[PDB]
Amino acid sequence: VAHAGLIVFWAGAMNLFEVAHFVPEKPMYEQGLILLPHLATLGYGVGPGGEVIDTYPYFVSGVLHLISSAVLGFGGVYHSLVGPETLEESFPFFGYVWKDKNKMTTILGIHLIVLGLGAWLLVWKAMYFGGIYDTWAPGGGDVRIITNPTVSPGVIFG
Amino acid sequence: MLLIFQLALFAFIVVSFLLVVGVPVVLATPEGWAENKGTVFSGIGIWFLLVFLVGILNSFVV
Amino acid sequence: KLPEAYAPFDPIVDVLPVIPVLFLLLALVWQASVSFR
Amino acid sequence: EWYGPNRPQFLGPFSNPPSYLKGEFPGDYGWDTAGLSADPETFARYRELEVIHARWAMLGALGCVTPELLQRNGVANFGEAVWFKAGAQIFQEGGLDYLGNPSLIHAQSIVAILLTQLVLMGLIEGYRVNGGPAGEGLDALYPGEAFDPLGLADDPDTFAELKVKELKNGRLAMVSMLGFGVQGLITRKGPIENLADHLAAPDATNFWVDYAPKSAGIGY
Amino acid sequence: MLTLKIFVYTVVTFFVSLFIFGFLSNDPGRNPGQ
Amino acid sequence: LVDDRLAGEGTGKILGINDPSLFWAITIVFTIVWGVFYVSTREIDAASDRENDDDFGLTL
Amino acid sequence: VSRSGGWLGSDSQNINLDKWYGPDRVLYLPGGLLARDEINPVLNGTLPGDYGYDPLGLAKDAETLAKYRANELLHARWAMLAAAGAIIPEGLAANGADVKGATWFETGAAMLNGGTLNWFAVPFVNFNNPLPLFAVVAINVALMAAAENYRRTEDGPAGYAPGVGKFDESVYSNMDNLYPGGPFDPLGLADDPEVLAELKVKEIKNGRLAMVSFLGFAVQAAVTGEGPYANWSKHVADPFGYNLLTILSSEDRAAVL
Ligand code: CHL
Ligand code: CLA
Ligand code: CLA
Ligand SMILES: CCCCCCCCCCCCCCCCCC(=O)OC[C@H](CO[C@@H]1O[C@H](CO)[C@H](O)[C@H](O)[C@H]1O)OC(=O)CCCCCCCCCCCCCCCCC
Ligand SMILES: CC1=C(/C=C/C(C)=C/C=C/C(C)=C/C=C/C=C(C)/C=C/C=C(C)/C=C/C2=C(C)CCCC2(C)C)C(C)(C)CCC1
Ligand SMILES: CC/C=C\C/C=C\C/C=C\CCCCCCCC(=O)O
């Protein structure tokens, strides 16, 4: 949990650092940014042709990541310092043994469900919540809405 | 309104610094976590209240 | 750039990303203080 | 009556019940001319099958006569009022709206309907044959309790009378449903439309004159 | 040229299947451990 | 043209299979090896003098 | 023979009352943040829904706890009914039905001069209720007053209810002030003590959720100005574009860089 908090902390801090050092007279790739282009491809604060129009969503994302990192770090510090040392007798649902195949498979299934939910959350953005940036859109690249995704087995297997 | 928002943000920063420096010290002392729980709980509550207040006040200064 | 209301706090932002490296160094310092038992 | 040696029979004064039909169960008119119920186990299975078929047939007959009557009277408006064309409304542009207004069901997918029906009906039938939330050791065919909220069958004699009435009504419903199926198959029209056409000209509109001469070598 | 492709495909799939089904045949039990 | 060639480079075929003959070769060889391996699994497992219950395998 | 069973086959009930009653019941804070010794001694895990949550020492003794439990149960049931009847008609009218005064804080104003309140007996027929405002208020006041006077009297007239049957004015004896049962329980779900206890816990939790929901309804109506269904629909359509922070900003914000 502490390591996850560290990851979220880096994400938020780097987003804030990159958004505070951004000038509009130069393109994104000319200023050494690597996290901002990730949010641009999701259709946040960009316009037709690929010109940055707004900056506030990047700030919002960075702030949210930083505060969530604070919460995660507190949780990790608690669970690592004063929490239960071995949670196989007080919390049987969360307890496990490395050699117990059924419990490990159950945990794997739970996290698979979580990852599938994350993928579906990405899918919902391109359909209903404004769409994502499409660089092949007619009349120049722009934030489109994907209405007819390709779910053909031959295309996916290709 | 801008001055109030900046004061709230500074208070949030100082409370966060106090929590960062104090929580490990309280948790890493023998029989210190089991006694000084009220201070940590109040600090966490003040931290959450300050972050919510800053979020609310951001809508007027931006 | 940061919004005009967050301008005074720019120096705080400029030093944030080094904290994970500081965390690794702090782990080493804690091990040293414990005397590498 | 309705039980014992003095019950009415399925042929009238010409009564000759088999040896295994003692008149112990509802709807026992002594009609087994094929000996299909000589084994008591098969007799019990057939009794359960008959009762379940009766109940399903009553529900189906009511559900096949209601929407068409409503649409023909002009009270409501459906995408397809005929009973053998109600399933194709899910393929229409507007979906399937209950009684015509788009604020009631507005069903759009056939896969979702299929999966939900599979899960729900499987669970409730497993409850019926094993026991579930509404009971664990009740009767197989007449459980009662939660399924008899307002007690109508509490006196044992009234229970038997209601059993007989239910079985006879369900048998009439089964015959009506078989007629519905065959008779929309031949005429390609709803039961109410067929009834209206017959009531218009009973001699001209029928089965024999209308379709019988075209039942060998000519189209219908 | 198609015959050469078929022959090479057969050889490659033969060896790869041998590898897979040999490593599936209770390999972590062929050790001198007590 | 002047000559003939397979002409499959840079096409994007599944597993490079431009021919049912290639598909059949792959499938037949894999099935033969799998069938030979299948019948020996009971004997191989019995070499460890243990039953293949839920506690089988190399564990720590 | 039994009147209850599992929903998932044979031997699939597994009712665990030790999670909601007794010394091992779940509290309002995890075991690492609050020891079980800090709980008010009056809250001994006997009433349903007891999470051991009483910060402002409001449970002095058993009598005050019982009175507050009666008030809480009444409020929870009314909150259930209010939340359902305030969220459903508005969605019905927004999806394409003909409902007048769908929004909950406008139905009273709908029948002011000569307006009539259509009633939708879903899904069969939409009625044309012709009762005027004065008749409506008189009938509602009379019925509610009679029912609530019966409740406080702990007695009632003779009638007939399904399950129990035709009852005289004597069935009301030994009837609980909060869980009367009998005529009010026709389906007979309150026959197993374990099932009854878990149903009580479920009821109290759903009631607390409904209370919080209607408080949110009132605050949303005060602030945003439209019905609860409209807020939900607009937020689901645009999560980051329609929320409290977006609504609070009374003017559009200039683009940052
Ligand atoms: C999806 C889960 C599901 C499960 C697990 C069961 C399970 C069961 N059902 Mg149930 N049902 C389920 C869904 C449904 N059932 C029914 C309606 C019935 C009836 C009416 C009966 C059962 C009965 C039974 C029991 C034995 C059935 C059997 O042997 O198959 C037999 C296998 C077949 C494939 C049947 C083939 C159909 C049949 C030969 C005639 C079909 C005729 C044509 C459709 C023509 C009709 C057109 C005319 C009317 C116009 C068994 C416990 C029977 C029972 O044992 O009663 C005591 C019983 O009589 N079920 C419906 C309504 C369509 C369901 C879903 O919608
Ligand atoms: C990553 C997974 C994770 C897991 C498996 C556990 C597991 C456990 N925790 Mg820990 N914990 C975590 C993270 C995690 N924790 C975090 C991030 C925090 C900081 C808030 C804590 C703080 C914490 C406390 C204070 C306590 C425990 C204790 C326990 C036990 C559960 C009993 C309970 O009452 O907790 C419930 C704890 C909650 C925080 C409340 C529920 C909050 C809901 C579930 C969150 C909904 C958010 C949703 C999942 C979205 C998350 C975003 C995601 C994408 C990152 C169990 C051993 C308890 C124990 O008894 O220890 C002795 C206890 O005292 N944990
Ligand atoms: C907290 C209590 C509560 C209150 C005060 C209201 C209040 C109101 N509702 Mg809401 N409602 C509620 C909860 C509540 N509702 C619940 C729980 C639901 C179901 C989820 C609904 C669903 C609903 C609908 C569908 C509609 C309303 C509407 C309205 C209005 C009624 C208009 C009317 O014509 O009614 C006439 C009502 C009746 C004649 C009452 C019939 C009730 C029967 C008689 C039950 C009594 C049972 C008894 C045992 C019967 C035995 C007799 C037997 C022998 C026959 C009014 C503002 C209407 C509207 O237009 O508002 C915008 C409307 O369309 N409500
Ligand atoms: C996926 C299941 C894996 C199960 C276990 C596998 C064990 C493997 C053991 C080792 C085998 C290594 C040698 C393999 C040789 C045969 C393949 C070959 O030469 O193909 C060479 C052929 C070339 O095919 C060419 O195609 C052309 C048209 O496109 C023409 O037709 C040419 O004539 C034709 O030769 O390529 C393929 O068959 C494509 C293989 C695609 C494999 C996708 C795997 C997806 C799942 C895994 C994803 C991760 C993969 C690793 C990524 C990171 C790597 C650092
Ligand atoms: C256990 C352990 C460890 C580890 C640890 C860890 C890993 C931790 C983490 C932790 C964490 C991970 C934490 C975090 C925190 C955070 C915080 C505390 C935050 C804050 C924030 C803020 C305050 C913000 C602000 C702002 C805003 C709001 C807006 C804009 C501006 C600014 C930015 C100013 C070690 C290695 C030592 C070793 C030993 C053991
Ligand atoms: C007995 C019937 C049961 C199962 C058989 C089912 C499906 C068989 C289907 C296909 C077999 C041939 C596969 C050919 C793959 C593509 C080859 C190519 O790309 O040329």
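- For this deposited structure, the header cites cryo-EM as the method used and 2.95 Å as the resolution.

1. Topic: the overall build of chain B
- Each helix and strand in chain B was counted, giving two helices and zero strands.
- Here chain B has a C-alpha radius of gyration of 14 Å; the compact-globule value for 62 residues is 11 Å, and the former is much larger.
- Referenced to the eigenvectors of the C-alpha coordinate spread, the extents of chain B come out at roughly 45 × 15 × 10 Å.
- Residues counted as buried form 37% of the 62 residues belonging to chain B.

2. Concerning the overall build of chain E
- For chain E, the helix and strand inventory stands at one helix and zero strands.
- Burial status across chain E gives 15% buried among its 34 residues.
- Working note: accessible area of chain E is about 2,700 Å², and carbon and sulfur atoms make up 75% of it.

3. Here's the deal with the interface of chain G and chain D
- Across the boundary between the two partners, chain G contributes 22 residues, which contact 20 residues of chain D.
- Across the interface of chain G and chain D, roughly 1,500 Å² is buried in total on both sides, 57% from carbon and sulfur atoms.
- The tally of links from chain G across to chain D stands at one salt bridge.
- Between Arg3 of chain G and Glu145 of chain D there is a salt bridge, with its nearest N and O atoms 2.4 Å apart.
- Scanning the region where chain G abuts chain D turns up six residue pairs in polar contact.

4. Quick word on the side chain of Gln9 of chain D
- If you trace the backbone, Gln9 of chain D turns up in the segment before α1 (40-72).
- In contact with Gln9 of chain D, other than residues within four places in its own chain, are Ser15, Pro17, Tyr29 and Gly30 of chain D.

5. A few points about the coordination of the magnesium atom of ligand 1
- Coordination of the magnesium atom of ligand 1 by the protein comes from a single atom, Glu125 of chain D (OE), at 2.2 Å.
- Note on placement: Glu125 of chain D falls in helix α2 (residues 110-130).

6. Comments concerning the site of ligand 5
- In the vicinity of ligand 5 lie 19 residues, with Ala70 and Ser80 of chain A, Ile13 and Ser16 of chain B together with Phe23 of chain C positioned nearest.
- Near ligand 5, residues from chains A, B and C are present, making the site a shared one.
- Contact with the protein chains removes 80% of the 970 Å² of surface that ligand 5 exposes when unbound.
- Mapped by element, the contributors of at least two residues to the shell around ligand 5 are α1 (2-20) and α3 (56-81) of chain A, α1 (2-27) of chain B together with α2 (19-33) of chain C.
- With six residues, α3 of chain A is the largest single contributor of residues to the shell around ligand 5.

7. Describing the interface of chain C and chain A
- Chain C puts 12 residues into the contact, and the matching count from chain A is 14 residues.
- Across the chain C/chain A interface, buried area totals approximately 1,200 Å², and carbon plus sulfur atoms make up 79% of it.
- Of all residues in chain C, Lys1, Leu16 and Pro17 of chain C give up the largest surface area on contact with chain A, accounting jointly for 43% of the area buried on that side.
- Run the count over chain C and chain A and you get zero salt bridges.
- Our count for the contact surface shared by chain C and chain A stands at three residue pairs in polar contact.
- Elements with a contribution of two residues or more to the side of chain C that touches chain A: α1 (10-13) and α2 of chain C.
- If one sorts the elements of the side of chain C that touches chain A by residue count, α2 of chain C sits on top with three residues.
- The residue inventory of the side of chain C that touches chain A, partitioned by class, reads nine nonpolar, no polar and three charged.

8. Comments concerning the nonpolar core
- With 38 residues, the main nonpolar core has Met28 and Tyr58 of chain A, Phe5 of chain B together with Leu2 and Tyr6 of chain C as its most contacted residues.
- Taken together, the elements giving at least two residues each to this core come down to α1, α2 (36-41) and α3 of chain A together with α1 and α2 (37-61) of chain B.
- Broken down by element, the residue count for this core peaks at eight residues, all from α1 of chain B.
- Once you skip the residues sitting within four places of it in the chain, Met28 of chain A turns out to touch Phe22, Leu33, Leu36, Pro37, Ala40, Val52 and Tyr58 of chain A.
- Core analysis: the next-biggest nonpolar cluster, separate from the first, contains six residues, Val51, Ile52, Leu141 and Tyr142 of chain D among them.

9. Regarding the site of ligand 1
Residue and element names in this part refer to chain D.
- Among the 14 residues in the neighbourhood of ligand 1, the closest are listed as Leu49, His53, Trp56, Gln117 and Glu125.
- Side-chain polar atom of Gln117 to an oxygen atom of ligand 1: 2.8 Å apart, as the coordinates give it.
- Between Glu125 and ligand 1, the recorded distance is 2.9 Å, taken from a side-chain N or O atom to a nitrogen atom.
- Within the residue set of the shell around ligand 1, elements represented by two or more residues are α1 and α2.
- Of all the elements, α2 adds the most residues to the shell around ligand 1, at seven residues.
- Of the residues in the shell around ligand 1, the class split is seven nonpolar, four polar and three charged.

10. Thoughts on the packing of α1 of chain D against helix α4 (residues 191-200) of chain D
All names here are of chain D.
- Two elements in contact, α1 and α4, have axes whose closest approach is 9 Å; the angle formed by their N-to-C orientations is 60°. Regarding the angle of α1 to α4, the classification is oblique. For the pair formed by α1 and α4, the contact residues are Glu68, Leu69 and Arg72 on the first element and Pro191, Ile192, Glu193 and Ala196 on the second.
- Classifying every residue of the contact of α1 with α4 gives four nonpolar, no polar and three charged.

11. Quick notes on a negative patch on the surface
Residue and element names in this part refer to chain G.
- Taken together, the side chains of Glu154, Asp155, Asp168, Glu169 and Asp176 make up a negatively charged region of the molecular surface.
- By secondary structure assignment, the location of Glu169 is in the loop between β4 (165-167) and α4 (193-223).
- Residue classification places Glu169 among the partly exposed positions, given a relative accessible area of 47%.

12. Here's the deal with unusual backbone geometry
All names here are of chain G.
- Cis geometry is found at the peptide bond from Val122 to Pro123, where omega equals -5°.
- In this fold, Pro123 is placed in the loop between β1 (120-121) and β2 (125-126).
- Within the chain, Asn174 stands out as a residue other than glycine whose phi angle is a positive 60°.
- Position of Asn174 relative to the elements: it lies in the loop between β4 and α4.

13. Let's talk about the UniProt feature "transmembrane region" (unreviewed entry) in chain E
- Per the UniProt record, the feature "transmembrane region" (unreviewed entry) sits at residues 6-25 of chain E.
- Between the end C-alpha atoms of residues 6-25 of chain E the distance is 28 Å, and the span holds 90% helix and 0% strand.

14. With respect to the arrangement of the chains
- Most contacts, when the nine pairs of chains in contact are compared, are made between chains D and G.
- Chain A makes no contact with chain D; the smallest distance between any of their C-alpha atoms is 17 Å.

15. Brief notes about the packing of aromatic side chains
- This structure, assessed with the given rule, holds 29 aromatic pairs over all chains.
- Three or more aromatic residues joined by ring pairs make a cluster, and in this case those are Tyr56 and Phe59 of chain A, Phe5 of chain B together with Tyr6 of chain C.
- Stacked on the ring of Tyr44 of chain A, the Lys or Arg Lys125 of chain A has its end atom at 4.4 Å from the ring centre.
- Geometry around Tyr142 of chain D places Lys163 of chain D over its ring, the cationic atom sitting 4.3 Å from the centre.

Parameters and conventions
- Residues numbered from 1 in each chain as written, not as in the entry; some residues may be left out.
- Chains lettered and ligands numbered in written order.
- Part of a larger assembly, values for the part shown.
- Heavy atoms only, no water.
- Helix = DSSP H or I, 4+ residues; strand = E, 2+ residues; numbered from the N terminus.
- Rg over C-alpha atoms; globule rule 2.2 N^0.38 Å.
- Buried < 20%, exposed > 50% of the residue type's maximum accessible area, 1.4 Å probe, protein only.
- Areas by Shrake-Rupley, 256 points an atom, 1.4 Å probe, with all protein chains shown as cover.
- Contact = heavy atoms within 4.5 Å.
- Buried area = accessible area lost by both parts, 1.4 Å probe.
- Salt bridge = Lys/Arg side-chain N within 4 Å of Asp/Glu carboxyl O.
- Polar contact = N/O pair within 3.5 Å; in protein donor to acceptor, adjacent residues only side chain to side chain.
- Donors = N, O, S within 2.8 Å, 3.2 Å for Na, K, Ca; no water.
- Near = heavy atom within 4 Å.
- Nonpolar A, V, L, I, M, F, W, Y, C, P; charged D, E, K, R; others polar.
- Core = buried A, V, L, I, M, F, W, Y, C linked by side-chain atoms within 4.5 Å.
- Axes fitted to C-alpha atoms, helices over the stretch in contact; angles between N-to-C directions.
- Parallel < 35°, antiparallel > 145°, perpendicular 65-115°, else oblique.
- Patch = residues over 30% accessible without salt bridge, like charges linked within 9 Å, V, L, I, M, F, W, Y side chains within 5 Å.
- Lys, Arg positive; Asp, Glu negative; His and termini not counted.
- Charge placed at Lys NZ, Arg CZ, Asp CG, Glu CD.
- UniProt positions renumbered as here; feature names shortened; annotations may be inferred.
- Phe/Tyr/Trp six-rings, centres within 6.5 Å; stacked < 30°, edge-to-face > 60°.
- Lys NZ or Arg CZ within 6 Å of the ring centre and 35° of its normal.

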